[PDB]
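Protein chains in written order, with the entry's author numbering: chain DI, 246 to 294; chain AH, 3 to 636; chain AD, 1 to 314; chain AC, 1 to 314.
Shown next, in the form of structure tokens:
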């Protein structure tokens, strides 16, 4: 078992812990592709999730 | 025309309109300022006065108006200025303005200008010296000297020697860390004078000889040295709250891969925004380094994010960290590290030693008799304690302040001294006054709550007065709701070093007896509060039973006087049926096992024979009144 | 101008469904009087006077891309609105009569168009409409006709009507006022102080014989249908239990013996002695909060009182 | 043009609340007749005729700074006015159709603007409006609709109605006329002599068998609901006590024995023999002041009579 706390360390929280976020990793290019969701209010204008 | 920085506190149309008008005005005022500057810069005639603008030649500064007037004066002089005998003019100008004829005009000019420059530089050196002397007298901070000044005294509810002591310049509150009998420790947050406020028990913390208290923003984080249940030290970040706290996900760590090898504890300095960590050495490299501890500096931003950047590293020799003089305190200011050590007895004199960190030297060390004067402490226990640097945000004047304990045995004193500059110690004392039985002039003090429910809520020692209307609620009152009619002088007295406090309540009434009750309370476990003892305190006056004349069994209180007339006696139930209404009666109570209690009742007849009948009622049973009659004699 | 409807099991808003609205007009409450005329006296006695119904009217039209679709759209409207099911209506307004903003005719910065063929003046997030107030209305529909003006534009004239009580039921209890957890549902129409935990926000008192309450609602909460609900930990044992209140009647609970730690849930005209098995024989009297200061007076210093209620408006 | 309302516990005026009004129009009193037509006779008998109700109408509109705020403002209006609670309305007028005055366009003497975006023509203290008359009306509200004309302007049409008695209740008693203590509340609509202490101001007589009264009210104070209240120190002992009066009926008090220094409080259709324990069995007849001279005639020279009442108008 695990849960957020001493055993887990965030990464630059202040900059993208305002909306739901997930990631994948491509090691060939050494890239971290971040999927980042939208809020409902922004979505109303963006027409996208 | 101007903003409204006084916003409505009810959240209505007025508030919304104020906010809207405020933003509209800000936009209007800003665009007006922009247009005004643009008009100034492009089209405003005579925008600037000519004296303002600077004309900088080589190594020369002057305005434009002055320069233009000088050009015009040159032209005017060259045109309409009379001339002639220039050689004689020069040979006469060779003389100076005191009566000495130089050899050449250039040498004369040189001598004159050098004289002026020397006089001005002498004046300037005198000015700089005078200013520096004024600064060194005003903002003087020389902990080599500057005998200390008392600040305040601490009143935590714990019978253990204090071990660290921090002050919060943003709210003037003290955080005071003691090490409990176990490994765990507790930090008490309390008032500037010393009035306890609340506590936090760090379960499974260490000795906790010093934490660091940081204001990342508008909130206070606490860095400490807490060891988990597996006896592994950890540098851990958390927040204050009232109660208990254990190591876990409630308190996150800043940098586990760096600050979990050794016992590390930090202190923070916001002037330059640094953090020095006093990391211990293991027994293996102990003798190799000849130092139990080493201090390492890191910037606040570096320690917040993931970079070490040890700026400055130093070790603490055994000369400073011996057993006769062990570590008790650390403090950082202006690259000067202060180390406060002191034995637990006044025989081995304490020592405060300050020294530069950059060069790893010894700037100074001094002995200081903190606490009892003349080395005559309360008993013999000068157990030292750390120290910190209060930086007032109003003036910007740092002030060192040290904690000490002079108390003997279990009785521990907690005194605070300071080496601050001019204007800090005065301010720290004048924040709020010490406690006292009377406020300042010989009046009663005020309750913290009107119409209190539990009389144990009043923790602050001193005298108080409960109005007759405020007594009505009083869930824990010695008397019932029916007996209380008048006010009560209610005074809280100090208990012991745990959360105890005595209480006394004396009725207020001139035309009757001023009975008093007494008890003990425990602020934490309200259930552990004693019952209401009673002292007689009679004056010859009398007390009558109120309309609660149902039974005499409700009068369980000890040693009282209650009259019962004939008319009064012809209501009660427990009162016997033979003497109902024959004369007046005085009731008295005597103690027994709990629930059980004796009631004596004495007739009031002058000519006839006296009678008194005694009963015992309670847990053992109802009780049967046994009479005793007297023999009229003279 | 959206006419939100919260039904038992869902939430709907018209402009989401291609249904613009022209406006919303809300009548006041039909005061039914009860006068009695004395036979030969120049004046008539007031037996009573009483609010009845708050008839709402909302004309809404709709445009579509083709004439056939009108039918579908109309049916949707009926299936979406005409509900005997008592619904909760919430009104919406705009903060501004929005216009199209300046742009640049340089083959760029062109204009947008909604799903319906209209010009999107709502460029930014902060353009669209708002729940103008933190209240609702218990509402039912009445008959509509659908005149079709030209093209794909057709109008409708909804005539809504209050269901139970002609009042502006405030959404959210008074405890959400206490605990500032839920966000929204608190408009400036209610003159509410920011001092959360201060007076005139708190409905959770402890260890008091008497205390103070600020009922922010202009309309009085005397009617039982309103969700006035009290719960008290009595603090002290007793055999009888009286509590008085102003802008209301006296209340007794006699004839049943209680205990201190036992709690009473005092619902409207109803008394749970201990949460169930209602013992409501004692002095059937219901309390009434009118507006502003509603001072109560207990008799033996209850260790806890707290009560949630709903604010109602006229 | 402010439409003041004194409610049970407060005072309100609309223009204080951003609510201008267009006008106030006060209908007369609906005369309900009671005729009876004889079967074959060219004429119908009058059984009776009687005033009923004085329906007031007041259309008021309001401007605000933004469209949203309309809602708030409207709700305020309802919460402020629509009160079954019998209120006391007072009408207000202006003394002049005020204009903006001359000024100077020299970057100075600029014009003012009210909290609402309007031009303040009320430069001096003596510009603003006045209680046009020293009377009120017992009033209740009836249904309103709120058409929103453009912008932030919205109109309303208040329809008020008399509560108990269709009359213009005069504020302040007749003793405030006697003792010139309270100021205001006396308009020139009432033809009142300045000779305070003189005749036709005094309702406090001493040691008289018969005396004179000027009831300044056009409408007659025969109805008991009006606050006609007499109190008399009887002056002389007796067994019976008659007093007569014109524009009214005879009054007796027989069958109960009195004393001189004892006082009678003679309220409308009610008799306190000595302030309490009403002895009102004797000749239940109530007195009636019509207008102008209302001469009374006692029978044994009461040492004091004085009586306060309220003037009513039609």
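A virtual CB, placed ideally from N, CA and C, is assigned to each residue, including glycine.
Examine chain DI for any beta-carbon lying closer than 9 angstroms to the beta-carbon of residue i, and answer yes or no.
i	result
residue 124(AD)	yes
residue 22(AH)	no
residue 128(AD)	yes
residue 213(AH)	no
residue 258(AH)	yes
residue 46(AH)	no
Sort the options by Cα distance to residue i and report the nearest one.
i	options	result
residue 196(AC)	206(AC), 178(AC), 210(AC)	178(AC)
residue 297(AC)	244(AC), 288(AC), 280(AC), 285(AC)	244(AC)
residue 170(AC)	20(AC), 313(AC), 3(AC), 19(AC)	313(AC)
residue 229(AH)	25(AH), 32(AH), 254(AH)	254(AH)
residue 259(AC)	302(AC), 228(AC), 250(AC)	302(AC)
residue 282(DI)	256(DI), 262(DI), 258(DI)	262(DI)
residue 100(AH)	106(AH), 110(AH), 93(AH)	110(AH)
Using a Cβ-Cβ cut-off of 9 angstroms, state whether residue i counts as contacting chain AC.
i	result
residue 638(AH)	In the structure as shown, chain AH starts at 3 and stops at 636, and residue 638(AH) therefore has no counterpart that could be examined.
residue 28(AD)	yes
residue 15(AH)	yes
Are the C-beta of residue i and some C-beta of chain AH separated by less than 9 angstroms?
i	result
residue 72(AC)	yes
residue 253(AD)	no
residue 248(DI)	yes
residue 189(AD)	yes
residue 251(DI)	yes
Tell me the DSSP bridge mates of residue i?
i	result
residue 59(AH)	62(AH)
residue 292(AD)	215(AD)
residue 190(AH)	178(AH), 201(AH)
residue 629(AH)	615(AH)
residue 251(AD)	243(AD)
residue 343(AH)	329(AH), 353(AH)
residue 590(AH)	602(AH)
residue 385(AH)	407(AH)
residue 221(AD)	289(AD)
Taking the beta strand (DSSP E) that residue i falls in, what are its first and last residues?
i	result
residue 73(AD)	Residue 73(AD) -> not in any beta strand (DSSP E); alpha helix (DSSP H) instead, spanning 69-81.
residue 315(AH)	315-318
residue 154(AH)	151-155
residue 156(AD)	154-162
residue 298(AH)	295-301
Using the Cα positions of residue i and residue j, report the straight-line distance between them to the nearest angstrom.
i	j	result
residue 468(AH)	residue 489(AH)	5 angstroms
residue 220(AD)	residue 310(AD)	10 angstroms
residue 70(AD)	residue 13(AD)	19 angstroms
residue 318(AD)	residue 64(AD)	This structure gives no information on residue 318(AD), because the portion of chain AD shown stretches from 1 to 314.
residue 24(AD)	residue 59(AD)	7 angstroms
residue 265(AC)	residue 50(AC)	30 angstroms
residue 479(AH)	residue 171(AH)	41 angstroms
residue 247(AD)	residue 223(AD)	13 angstroms
residue 89(AC)	residue 141(AC)	11 angstroms
residue 411(AH)	residue 347(AH)	11 angstroms
residue 163(AC)	residue 138(AC)	5 angstroms
Taking only beta-carbon positions, decide if residue i is within less than 9 angstroms of chain AD.
i	result
residue 505(AH)	no
residue 223(AC)	yes
residue 477(AH)	yes
Within the continuous alpha helix (DSSP H) that includes residue i, where are the two ends?
i	result
residue 38(AH)	15-44
residue 195(AC)	Run containing residue 195(AC): none; DSSP gives neither H nor E here.
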